[PDB]
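A quick write-up on the structure given underneath.
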Amino acid sequence: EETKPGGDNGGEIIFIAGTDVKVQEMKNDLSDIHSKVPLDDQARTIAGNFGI
Amino acid sequence: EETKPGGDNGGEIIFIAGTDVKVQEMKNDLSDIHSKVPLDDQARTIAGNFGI
Amino acid sequence: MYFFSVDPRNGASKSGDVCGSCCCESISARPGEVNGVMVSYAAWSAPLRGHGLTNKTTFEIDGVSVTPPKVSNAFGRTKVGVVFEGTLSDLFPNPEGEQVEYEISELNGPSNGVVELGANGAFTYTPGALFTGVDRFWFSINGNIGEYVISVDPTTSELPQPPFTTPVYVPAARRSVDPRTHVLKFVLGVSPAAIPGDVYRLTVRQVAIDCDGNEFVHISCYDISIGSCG
Amino acid sequence: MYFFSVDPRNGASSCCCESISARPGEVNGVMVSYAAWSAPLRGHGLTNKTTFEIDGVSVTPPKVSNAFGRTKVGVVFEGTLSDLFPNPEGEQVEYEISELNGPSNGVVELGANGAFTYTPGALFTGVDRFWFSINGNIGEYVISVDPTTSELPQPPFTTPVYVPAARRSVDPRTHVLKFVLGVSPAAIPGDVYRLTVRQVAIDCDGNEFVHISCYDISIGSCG
Amino acid sequence: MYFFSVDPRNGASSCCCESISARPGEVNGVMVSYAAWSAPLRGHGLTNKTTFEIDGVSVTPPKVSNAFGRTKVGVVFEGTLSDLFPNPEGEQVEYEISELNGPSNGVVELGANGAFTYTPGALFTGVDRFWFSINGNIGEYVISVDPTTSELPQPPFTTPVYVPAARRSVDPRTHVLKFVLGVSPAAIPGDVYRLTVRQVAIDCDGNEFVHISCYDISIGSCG
Amino acid sequence: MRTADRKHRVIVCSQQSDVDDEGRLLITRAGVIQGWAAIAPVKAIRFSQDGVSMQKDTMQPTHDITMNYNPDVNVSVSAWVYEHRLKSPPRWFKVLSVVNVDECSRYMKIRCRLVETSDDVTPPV
Amino acid sequence: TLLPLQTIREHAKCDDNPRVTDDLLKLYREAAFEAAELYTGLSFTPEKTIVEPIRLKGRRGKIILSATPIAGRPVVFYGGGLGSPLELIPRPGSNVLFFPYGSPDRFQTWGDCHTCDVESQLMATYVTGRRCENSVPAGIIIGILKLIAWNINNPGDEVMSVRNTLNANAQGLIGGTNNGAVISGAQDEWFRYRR
Amino acid sequence: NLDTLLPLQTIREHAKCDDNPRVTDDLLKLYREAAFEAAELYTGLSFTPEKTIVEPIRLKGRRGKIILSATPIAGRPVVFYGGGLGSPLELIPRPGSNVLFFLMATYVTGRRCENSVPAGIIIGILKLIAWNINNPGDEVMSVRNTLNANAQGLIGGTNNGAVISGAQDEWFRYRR
Amino acid sequence: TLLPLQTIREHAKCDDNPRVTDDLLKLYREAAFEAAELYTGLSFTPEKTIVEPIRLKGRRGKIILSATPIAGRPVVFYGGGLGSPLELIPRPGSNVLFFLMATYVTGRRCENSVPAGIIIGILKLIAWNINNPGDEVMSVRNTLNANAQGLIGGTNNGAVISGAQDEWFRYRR
Amino acid sequence: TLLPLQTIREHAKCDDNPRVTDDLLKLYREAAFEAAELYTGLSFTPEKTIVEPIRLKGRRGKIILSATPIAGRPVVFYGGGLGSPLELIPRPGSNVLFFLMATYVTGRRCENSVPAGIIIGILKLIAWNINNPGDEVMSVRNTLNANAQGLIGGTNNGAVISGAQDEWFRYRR
């Protein structure tokens, strides 16, 4: 925890003596929450029906 | 849970001391629910028949 | 509040949930309490498609164990506003020789007056001013509880004689029925003079009605057990 | 607390009555479980209509007699204790008053020769007792303080072995009878009394089922 | 603060009454949640028609008696403290005025031998109490100062365990009953009292649904 | 042995003898220990239709019984083992020797012999 | 009366070679009847009463009763913007119901500085249990008998472990399924009466 | 009623327990009437088949899927009616196939008649009752062996008390 | 009253060996009831009262109680911007509530409980600890091994290799 | 007073056969008791008091106490731009607080009421040590992959390859 921007040893390596700790980086894509493709199509339909 | 936007520790790491928990990130594509390819063809067909 | 699902009269599924010991359902009551009981005729009247239930319920109370009371009850009479005096020593004919611990419970005292317990079976009932009606209070002569009823007359002629409310009773008109969901509700009152240990039997005759106006009658019973401490 | 399981009246599994030991002065409790007899009679369990009777089979009549006194409220009471012990042989009368069984609402100061003065409790009316021991033999002296108006009635000179008037109880849920067994301090060791219980159950429709049993109360000392 | 969830009387879920511990001198508060019983009885909720009663199942009557006095405003009051403790035996008397239960609008110059004087506060009219202690026996001495015209009434000599006149409140929105339970500084440890509560409900039309429960107050020292 | 092998209810008995006044002897067998134990046979049995086993050497053990050790009890040369069953006749075992299993002081291994098995044996007092 | 002790013994071979006595046999039966008919979906634990504040869950108001009332007794709801109490009859088997979005009243208290007028939360009362019904369809009795047979000779000091996964667990650990009634053959005989 | 179509002597002679007093008649009866059903609901063909079954058929698709639950015995003209069908169309079905394509229909089902009982009971129920009488669920087993160490988790996933014998497999082959 | 010493000694078949006295058996019986209400959470703890400040959680104020006060006794809150106290009756079984100090009471030991489901796992756990200490890590059917690579592991640990842990899961969620 | 030697000789099955003298068992018991204290975090020696300057961490001042005071004693802060000292009632079980010197009380174990846990696992740890002088290898395998250097594996540790770890884990958060 003590490596965040504005920390004691930020940006330095983490050294662990024994007991291999296991880190896995979570993706958290979150770039298709609104489902871009099946959203603009409905926008187009309820717009074209109004004649725009 | 308490890492959502607006929690105690949002964006900070999760430390688990033993008993390895197993997360797997679901895709939830949901970007082809209306089947854009076999939808616009029918839109074109029911349009071309009307002469437009 | 008690709840009971009545048997549907289908020739099956009459076990439901029953640890069989008797026929009539069980109801536990404590002397002095006034509760409300619910019964759901949905299982029996819904297949009989018609106008649902009607407000023609009929109750009856009969005791299978009485253990007659020790102290008798009594009646008192006096006009409006005038102080009443009475004796409480004749109401306990005792077989053995023993003192008489007269007591007046503050929970079952009068409602429109006050009572001053004397030294030996005497009490003063000063009815509330500008009040006319009937009023009671429940004494306790050495553990045996009884009621003493007093009627204050509006100085014109007299008032009638009330019927000395029973140990267990169902009020005159405090029931109702919702034909939209087939549920009957009523009140179950137990006077403070009931003896713990006795058991009374309550029979309910509920009658439905068809689409045209004929009758579908239904009979069931319950065993109310007067037990102390709930 | 004594716990007796009654016989199930099924026609299957020294004396007849069970044994109950007692010590003069104790007020114990006895529990009886009628489950083995009233459970097959599926109904509404037990009812509060029990009935007791006490009768002796070996009494050893007492050497000392009892006495009854009377006085009003606030007024000091005086009495003697010499005509209470008719001695067959000629010996001395060593009077005594046990502090375990003294009075309850007063105090007693024993004289030099069978004399006592019971100053009643200030502002108290009713009845009081205390137990003397004339040469080992124990008897009771009852005093009734009257509330100065007319009089008070006469108490019944409590027996060696007794059952309280209204302290019995039954639990229809678990078929258990509870009653108390008190023994007077005047009970002589070695005596044997007999208690007979008539407990009545009830069927589902209100009829009656009667059951009778007996217990032999053996009055001993040191438990 | 105590809390009791009462049984809802549905034929469903050692002694009968619940347990309430108390310490001599305390004034505590109790909460009861009638929600489980009155919520199915859909009406206008609860009504402020609760009734209390205190009974004693173990008293150990008090050794020292209480007393009462009177004096005019501004005027000093003297009195005795020896004729209130009738002692059975002959021994010494160590009178003491407990500082924690002294007067509230004056001071008391406790003499050496059951004597004292009470100077009421300047320009004060009302009642004032203080709890003496003779050989460990605790009793109250009530003094009512008069506003020099005629008199004030005679207070009722507060009981060992009591519920105040009007400090109760019932929330009909959450079906919760609250009251105060004050225990006199004259309560004797080991005694047991019994408080019965009769709470009345109401329907939509204006009828009553009564409900009764009990509690066993056990006055114990050191909480 | 897993504690589920002990599936027999036994009564370890010590016998006392006293002379009958008419001229006989009488052996009284009283229980001292009762618990869960496991038996295992190591030799066949000749039955002799009254129950009594017809073993000739009368010193070769036929059954081996394992029980929980107990350091204060001293299983003698005059100890018996009364084993009772549910719908079979009880058994009278006479001990011949003990084994302190691996000297771990956890289980006793008692080499015993089957004396008799019939519905008319004298239970211990 | 439903499962005889002699039948249990004759199934589990405890006959003239008697293991732990009838007291533990009847305790094992009382626990096998809280394991079976609690696994398949039935229920027990007679009359009991629960007062419970209910919390709004969902836009249309899913309400999860944390004690699954009996089958049809009206659970009464009150408080929480609800001026007058209302009953709700639940569906048997599950505890998920719906708060009727049609509201009967809203007794709000706009304006207050002693409580800052936030809310008194929604509360409810109900009962759970059953009078008495215990049922054991012939065919689901074999799993109960097998569980008893297993628990007679598996007291809990002997190591038994069947593997569920094939690779490993995570660490140098001996797999694991050590439950009972599954290494006993009861789960796969009660599955036939499970949806 | 489970007594005339499979006598207890048959079980005792198959499982060779005629001299076992530890298996009483009531225990063997419980096993027998728990077995018949054990597999009967599973895929027990339709043991006790003869039974007039009603069915609220629900239409699907253009070809009118009228898929059934238990085909009439062979070609019994099941009467079709109700659910928008006045005329009681007694149409003879396809033997052995319930998913038909033309609502309500009642039909006497079951090739019981002359006590059909072809295979599945005769083999599977005997094998399973034998397994249940001589193999209670208390210890895991192995192939023709009492236990294999294997130094890891036991393989006793099914061989504990499940249907390992060819009983359920004959049930398979008859459902087929 | 929950576990009589006669049942455990007759279940574990350990009554004729003085190596297991009543005191050591009591320490065992206390170790199987503190782990039954801690893996399944039925609170076999007596009445305790916790004074505990609550800290805000989120925009709508999640409040998690660190000691789960009974089922429905109203926990009172005060301080931290709250000018006047207010009560709150929590979830039975869980402590996740929604909106600084707080005060509440925890603790069972009342009209006793623990149905047959838990007692089986409890007796199974004690049957383990009496004759399976931390030495001689075992293998199949309580045997040993000579595995050239290593050993099998996780065998001599309690309540997991036998009974309780999976005999208690039926009361979880 | 927490654990008598008689409990060791009765649980570890060495009452009849000693297998070890008494002072070595005393050294063993101290070893097993000095191992659980620092593995679980919970302090020990009847109470303690630590004076500890706290260092700011974060923009809102996340402050973790290196000794997790008991449950509710107000910790005092002073110095380092903090003009006037002020109290702070901390989290029980955790030490993460939010806002330089500090002084407070430690020693969760003020009384002697270690409920059931640490006693049992230590009994398992001792039973492991009584017969394990370090002569046999007694190593158990770890995660599947055989180490590339090709040893016999790792994790051959007292109080770890026994039940101790699985025992006092229901307290470690």
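Chain labels A, B, ... are given in the sequence in which chains occur in the structure tokens; within each chain residues are numbered consecutively from 1, and ligands are likewise numbered from 1 in the order shown.
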| query | Could you list, as a list in words, every residue of chain J that has an atom within 12 Å of an atom of chain A, counting only C-alpha atoms? | reply |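 In the required form, that comes to residues 55, 56, 57, 58, 59, 62, 142, 143, 154 and 155 of chain J.
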Written file, previous selection with N, CA, C and O atoms, as a short mmCIF file (atom, residue, chain, number, x, y, z; two decimals), in the first residue's frame:
data_model
loop_
_atom_site.label_atom_id
_atom_site.label_comp_id
_atom_site.auth_asym_id
_atom_site.auth_seq_id
_atom_site.Cartn_x
_atom_site.Cartn_y
_atom_site.Cartn_z
N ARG J 55 2.35 8.44 12.07
CA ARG J 55 2.74 9.16 10.87
C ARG J 55 1.55 9.22 9.92
O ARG J 55 0.86 8.22 9.72
N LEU J 56 1.31 10.40 9.34
CA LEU J 56 0.19 10.59 8.44
C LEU J 56 0.34 9.73 7.19
O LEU J 56 1.45 9.51 6.70
N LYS J 57 -0.79 9.22 6.69
CA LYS J 57 -0.82 8.43 5.47
C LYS J 57 -2.13 8.72 4.75
O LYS J 57 -3.20 8.28 5.19
N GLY J 58 -2.06 9.46 3.66
CA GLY J 58 -3.22 9.84 2.88
C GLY J 58 -3.60 11.30 3.10
O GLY J 58 -3.13 11.97 4.01
N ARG J 59 -4.48 11.77 2.21
CA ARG J 59 -4.92 13.16 2.28
C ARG J 59 -5.91 13.40 3.42
O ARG J 59 -5.95 14.50 3.97
N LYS J 62 -5.30 8.56 6.97
CA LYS J 62 -5.48 7.20 7.44
C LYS J 62 -4.39 6.86 8.45
O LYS J 62 -3.20 6.99 8.15
N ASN J 142 4.03 -29.31 -1.06
CA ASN J 142 3.34 -28.04 -1.22
C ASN J 142 2.73 -28.01 -2.62
O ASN J 142 2.61 -29.07 -3.25
N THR J 143 2.30 -26.84 -3.08
CA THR J 143 1.60 -26.68 -4.36
C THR J 143 2.21 -27.52 -5.47
O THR J 143 3.43 -27.76 -5.49
N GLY J 154 8.82 -28.16 0.11
CA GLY J 154 8.94 -27.25 1.23
C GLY J 154 7.86 -27.45 2.27
O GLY J 154 7.20 -28.49 2.28
N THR J 155 7.67 -26.46 3.14
CA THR J 155 6.63 -26.47 4.17
C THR J 155 6.75 -27.71 5.07
O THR J 155 5.84 -28.54 5.16
#
| request: Compute the post-superposition RMSD of the C-alpha atoms of chain I relative to chain J, with atoms paired in order and the fit done by least squares. | output: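 In short, the RMSD is 3.9 Å.
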| Polymer residues at most 12 Å from residue 92 (chain C), only C-alpha atoms, same-chain spacing of 2 or more positions, as an NGL selection string | :C and (69-74 or 87-90 or 94-102 or 121 or 139-146)
| said: Tell me as a count of residues only which residues belonging to chain I come within 9 Å of chain F, counting only C-alpha atoms. | reply: 11
Per-residue nearest contacts chain I to chain J, cut-off 8 Å, using only C-alpha atoms, as JSON lines:
{"residue": "I:19", "atom": "CA", "partner": "J:10", "partner_atom": "CA", "distance": 5.5}
{"residue": "I:20", "atom": "CA", "partner": "J:10", "partner_atom": "CA", "distance": 6.7}
{"residue": "I:24", "atom": "CA", "partner": "J:7", "partner_atom": "CA", "distance": 6.4}
{"residue": "I:27", "atom": "CA", "partner": "J:116", "partner_atom": "CA", "distance": 6.8}
{"residue": "I:28", "atom": "CA", "partner": "J:120", "partner_atom": "CA", "distance": 7.8}
{"residue": "I:30", "atom": "CA", "partner": "J:116", "partner_atom": "CA", "distance": 5.9}
{"residue": "I:31", "atom": "CA", "partner": "J:116", "partner_atom": "CA", "distance": 4.9}
{"residue": "I:34", "atom": "CA", "partner": "J:116", "partner_atom": "CA", "distance": 6.9}
{"residue": "I:35", "atom": "CA", "partner": "J:170", "partner_atom": "CA", "distance": 7.4}
{"residue": "I:38", "atom": "CA", "partner": "J:170", "partner_atom": "CA", "distance": 7.0}
{"residue": "I:39", "atom": "CA", "partner": "J:170", "partner_atom": "CA", "distance": 7.7}
{"residue": "I:51", "atom": "CA", "partner": "J:72", "partner_atom": "CA", "distance": 7.2}
{"residue": "I:52", "atom": "CA", "partner": "J:72", "partner_atom": "CA", "distance": 7.4}
{"residue": "I:53", "atom": "CA", "partner": "J:89", "partner_atom": "CA", "distance": 7.7}
{"residue": "I:130", "atom": "CA", "partner": "J:11", "partner_atom": "CA", "distance": 7.1}
{"residue": "I:133", "atom": "CA", "partner": "J:124", "partner_atom": "CA", "distance": 5.4}
{"residue": "I:134", "atom": "CA", "partner": "J:124", "partner_atom": "CA", "distance": 4.2}
{"residue": "I:135", "atom": "CA", "partner": "J:128", "partner_atom": "CA", "distance": 4.2}
{"residue": "I:136", "atom": "CA", "partner": "J:128", "partner_atom": "CA", "distance": 7.6}
{"residue": "I:137", "atom": "CA", "partner": "J:162", "partner_atom": "CA", "distance": 6.9}
{"residue": "I:148", "atom": "CA", "partner": "J:152", "partner_atom": "CA", "distance": 7.9}
{"residue": "I:149", "atom": "CA", "partner": "J:152", "partner_atom": "CA", "distance": 5.5}
{"residue": "I:150", "atom": "CA", "partner": "J:141", "partner_atom": "CA", "distance": 4.4}
{"residue": "I:151", "atom": "CA", "partner": "J:140", "partner_atom": "CA", "distance": 4.0}
{"residue": "I:152", "atom": "CA", "partner": "J:140", "partner_atom": "CA", "distance": 6.3}
{"residue": "I:153", "atom": "CA", "partner": "J:140", "partner_atom": "CA", "distance": 6.0}
{"residue": "I:154", "atom": "CA", "partner": "J:161", "partner_atom": "CA", "distance": 7.4}
{"residue": "I:156", "atom": "CA", "partner": "J:163", "partner_atom": "CA", "distance": 5.7}
{"residue": "I:157", "atom": "CA", "partner": "J:163", "partner_atom": "CA", "distance": 3.8}
{"residue": "I:158", "atom": "CA", "partner": "J:163", "partner_atom": "CA", "distance": 6.3}
Output the selection as a compact mmCIF listing (two decimals), in the first residue's frame - N, CA, C and O atoms for each residue.
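Contents of selection-v2.txt, as written:
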# COMPACT_ATOMS: atom_id res chain seq x y z
N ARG I 19 -6.96 -41.56 31.18
CA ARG I 19 -6.18 -40.53 30.50
C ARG I 19 -7.05 -39.36 30.06
O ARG I 19 -6.56 -38.23 29.94
N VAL I 20 -8.33 -39.60 29.82
CA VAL I 20 -9.28 -38.54 29.48
C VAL I 20 -10.14 -38.29 30.72
O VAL I 20 -11.14 -38.96 30.97
N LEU I 24 -9.98 -32.20 31.11
CA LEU I 24 -9.52 -32.18 29.72
C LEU I 24 -10.66 -32.41 28.75
O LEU I 24 -10.67 -31.84 27.65
N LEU I 27 -12.37 -28.98 28.42
CA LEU I 27 -11.68 -28.08 27.49
C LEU I 27 -11.96 -28.47 26.04
O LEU I 27 -12.04 -27.60 25.16
N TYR I 28 -12.12 -29.76 25.78
CA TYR I 28 -12.54 -30.20 24.45
C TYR I 28 -13.96 -29.73 24.15
O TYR I 28 -14.21 -29.12 23.10
N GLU I 30 -15.55 -27.31 25.26
CA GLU I 30 -15.59 -25.87 25.04
C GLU I 30 -15.00 -25.48 23.69
O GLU I 30 -15.33 -24.41 23.17
N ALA I 31 -14.14 -26.32 23.12
CA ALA I 31 -13.53 -26.05 21.83
C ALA I 31 -14.42 -26.44 20.66
O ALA I 31 -14.17 -25.98 19.54
N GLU I 34 -17.27 -23.28 20.60
CA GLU I 34 -16.78 -21.99 20.12
C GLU I 34 -16.51 -22.00 18.62
O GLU I 34 -16.45 -20.92 18.02
N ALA I 35 -16.35 -23.17 18.02
CA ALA I 35 -16.16 -23.30 16.58
C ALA I 35 -17.44 -23.67 15.85
O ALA I 35 -17.45 -23.64 14.61
N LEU I 38 -19.05 -20.20 15.11
CA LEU I 38 -18.08 -19.34 14.44
C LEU I 38 -17.87 -19.71 12.98
O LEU I 38 -17.48 -18.84 12.19
N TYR I 39 -18.11 -20.96 12.60
CA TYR I 39 -18.17 -21.33 11.20
C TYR I 39 -19.59 -21.23 10.65
O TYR I 39 -19.77 -20.94 9.46
N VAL I 51 -19.99 -0.92 23.28
CA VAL I 51 -20.03 0.49 22.91
C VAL I 51 -19.16 0.66 21.67
O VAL I 51 -17.98 0.31 21.66
N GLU I 52 -19.77 1.14 20.59
CA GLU I 52 -19.09 1.06 19.31
C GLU I 52 -19.46 2.21 18.39
O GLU I 52 -20.62 2.31 17.96
N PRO I 53 -18.52 3.09 18.06
CA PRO I 53 -18.80 4.10 17.04
C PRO I 53 -18.93 3.45 15.67
O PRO I 53 -18.18 2.54 15.32
N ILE I 130 -9.57 -36.42 20.67
CA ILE I 130 -9.20 -37.21 21.84
C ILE I 130 -8.06 -38.16 21.53
O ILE I 130 -7.19 -38.39 22.37
N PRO I 133 -3.74 -36.32 18.19
CA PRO I 133 -3.02 -35.07 18.43
C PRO I 133 -2.23 -34.62 17.21
O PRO I 133 -2.32 -35.23 16.15
N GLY I 134 -1.46 -33.54 17.36
CA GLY I 134 -0.75 -32.94 16.25
C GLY I 134 0.49 -33.66 15.77
O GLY I 134 1.17 -33.15 14.88
N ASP I 135 0.80 -34.83 16.31
CA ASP I 135 1.97 -35.59 15.89
C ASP I 135 1.57 -36.71 14.94
O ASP I 135 0.40 -37.11 14.87
N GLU I 136 2.56 -37.21 14.20
CA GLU I 136 2.39 -38.37 13.32
C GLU I 136 1.29 -38.12 12.28
O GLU I 136 0.24 -38.76 12.28
N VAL I 137 1.56 -37.15 11.41
CA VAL I 137 0.62 -36.81 10.35
C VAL I 137 0.33 -38.06 9.52
O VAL I 137 1.25 -38.77 9.09
N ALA I 148 7.92 -40.69 -1.97
CA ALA I 148 9.26 -40.18 -2.22
C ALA I 148 9.28 -38.66 -2.38
O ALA I 148 10.20 -37.99 -1.90
N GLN I 149 8.27 -38.11 -3.05
CA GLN I 149 8.25 -36.67 -3.29
C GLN I 149 7.98 -35.89 -2.01
O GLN I 149 8.83 -35.12 -1.55
N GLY I 150 6.81 -36.10 -1.41
CA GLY I 150 6.47 -35.40 -0.19
C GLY I 150 5.52 -36.18 0.70
O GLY I 150 5.71 -37.37 0.94
N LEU I 151 4.48 -35.50 1.19
CA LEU I 151 3.43 -36.13 1.97
C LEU I 151 2.11 -35.51 1.54
O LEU I 151 2.07 -34.55 0.77
N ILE I 152 1.01 -36.07 2.03
CA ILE I 152 -0.30 -35.72 1.50
C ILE I 152 -0.89 -34.47 2.16
O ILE I 152 -1.54 -33.67 1.49
N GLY I 153 -0.68 -34.29 3.46
CA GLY I 153 -1.02 -33.05 4.12
C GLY I 153 -2.49 -32.80 4.36
O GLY I 153 -3.35 -33.36 3.69
N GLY I 154 -2.78 -31.94 5.34
CA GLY I 154 -4.16 -31.60 5.67
C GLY I 154 -4.96 -32.78 6.18
O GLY I 154 -6.17 -32.86 5.91
N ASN I 156 -4.26 -34.36 9.72
CA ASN I 156 -4.39 -34.34 11.17
C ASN I 156 -5.01 -33.05 11.69
O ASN I 156 -4.97 -32.81 12.90
N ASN I 157 -5.58 -32.23 10.82
CA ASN I 157 -6.28 -31.02 11.24
C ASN I 157 -7.72 -31.35 11.58
O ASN I 157 -8.35 -32.20 10.95
N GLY I 158 -8.25 -30.66 12.60
CA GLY I 158 -9.53 -31.03 13.16
C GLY I 158 -10.73 -30.43 12.46
O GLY I 158 -10.65 -29.40 11.80
| task | Tell me, as a ChimeraX atom specification, which residues lie within 12 Å of region 175-187 of chain C, counting only C-alpha atoms; anything in the same chain fewer than 3 positions away does not count. | result | /C:1-6,33-59,168-172,190,204-209 /E:40-42,203,205,207-210 /G:73-74,87-89
| Skipping near chain neighbours, those fewer than 5 positions away, what residues fall within 9 Å of residue 119 (chain H) using only C-alpha atoms, listed as an MDAnalysis selection string? | chainID H and resid 124 170:171 174
With C-alpha atoms retained, could you export that selection as a short mmCIF file (atom, residue, chain, number, x, y, z; two decimals), in the first residue's frame?
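New file out27.cif:
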data_model
loop_
_atom_site.label_atom_id
_atom_site.label_comp_id
_atom_site.auth_asym_id
_atom_site.auth_seq_id
_atom_site.Cartn_x
_atom_site.Cartn_y
_atom_site.Cartn_z
CA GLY H 124 -32.70 -54.33 -12.17
CA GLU H 170 -30.98 -52.62 -17.67
CA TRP H 171 -33.35 -49.76 -16.86
CA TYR H 174 -35.33 -50.74 -21.68
#
If you count only C-alpha atoms, which residues fall within 8 Å of residue 195 (chain C), apart from same-chain ones fewer than 2 positions away, as a compact mmCIF listing (two decimals) with C-alpha atoms, in the first residue's frame?
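Saved as around-v5.txt:
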# COMPACT_ATOMS: atom_id res chain seq x y z
CA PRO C 31 -57.54 -15.15 32.20
CA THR C 67 -64.58 -26.96 38.37
CA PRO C 69 -66.22 -21.50 41.35
CA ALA C 193 -62.90 -15.26 36.73
CA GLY C 197 -56.72 -25.62 33.91
CA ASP C 198 -60.27 -25.71 32.57
CA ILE C 226 -57.69 -21.66 30.10
| task | Find the residues around residue 106 (chain H) up to 7 Å (only C-alpha atoms counted), leave out those fewer than 4 positions away in its own chain, and share them as a list in words. | result |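 The filter keeps residues 52, 53, 54, 55, 78 and 79 of chain H.
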Suppose we keep C-alpha atoms; can you now write the selection as a PDB file, in the first residue's frame?
ATOM      1  CA  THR H  52     -56.350 -43.744 -18.257  1.00  0.00           C
ATOM      2  CA  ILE H  53     -54.355 -40.505 -18.419  1.00  0.00           C
ATOM      3  CA  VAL H  54     -55.867 -37.116 -19.254  1.00  0.00           C
ATOM      4  CA  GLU H  55     -53.613 -34.434 -20.689  1.00  0.00           C
ATOM      5  CA  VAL H  78     -57.016 -41.381 -28.128  1.00  0.00           C
ATOM      6  CA  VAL H  79     -59.913 -38.936 -28.187  1.00  0.00           C
TER       7      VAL H  79
END
I'd like a table as JSON lines: residues in chain E with an atom no more than 10 Å from chain I, each row giving the shortest atom pair and its distance in Å to one decimal, only C-alpha atoms counted, sorted by chain and rising residue number.
{"residue": "E:3", "atom": "CA", "partner": "I:73", "partner_atom": "CA", "distance": 7.5}
{"residue": "E:4", "atom": "CA", "partner": "I:73", "partner_atom": "CA", "distance": 8.9}
{"residue": "E:5", "atom": "CA", "partner": "I:73", "partner_atom": "CA", "distance": 8.8}
{"residue": "E:14", "atom": "CA", "partner": "I:111", "partner_atom": "CA", "distance": 8.6}
{"residue": "E:33", "atom": "CA", "partner": "I:73", "partner_atom": "CA", "distance": 9.4}
Once you have the residues from the selection above, write them out as a PDB file, in the first residue's frame, restricted to N, CA, C and O atoms.
ATOM      1  N   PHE E   3     -35.170  -4.259  28.013  1.00  0.00           N
ATOM      2  CA  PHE E   3     -35.937  -4.468  26.792  1.00  0.00           C
ATOM      3  C   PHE E   3     -36.528  -5.867  26.813  1.00  0.00           C
ATOM      4  O   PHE E   3     -35.815  -6.840  27.071  1.00  0.00           O
ATOM      5  N   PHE E   4     -37.829  -5.964  26.545  1.00  0.00           N
ATOM      6  CA  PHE E   4     -38.527  -7.240  26.503  1.00  0.00           C
ATOM      7  C   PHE E   4     -39.436  -7.290  25.287  1.00  0.00           C
ATOM      8  O   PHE E   4     -40.277  -6.405  25.099  1.00  0.00           O
ATOM      9  N   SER E   5     -39.263  -8.321  24.466  1.00  0.00           N
ATOM     10  CA  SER E   5     -40.171  -8.597  23.361  1.00  0.00           C
ATOM     11  C   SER E   5     -41.228  -9.582  23.844  1.00  0.00           C
ATOM     12  O   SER E   5     -40.917 -10.743  24.132  1.00  0.00           O
ATOM     13  N   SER E  14     -37.038 -20.682  33.088  1.00  0.00           N
ATOM     14  CA  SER E  14     -37.528 -21.485  34.203  1.00  0.00           C
ATOM     15  C   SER E  14     -38.888 -20.987  34.684  1.00  0.00           C
ATOM     16  O   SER E  14     -39.901 -21.668  34.525  1.00  0.00           O
ATOM     17  N   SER E  33     -41.761  -4.122  23.595  1.00  0.00           N
ATOM     18  CA  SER E  33     -42.096  -4.074  22.173  1.00  0.00           C
ATOM     19  C   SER E  33     -43.336  -4.937  21.943  1.00  0.00           C
ATOM     20  O   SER E  33     -43.240  -6.146  21.727  1.00  0.00           O
TER      21      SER E  33
END
| task | Please measure the separation of CA of residue 8 (chain D) and CA of residue 36 (chain D), giving the value in Å to one decimal. | result |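 The value is 4.8 Å.
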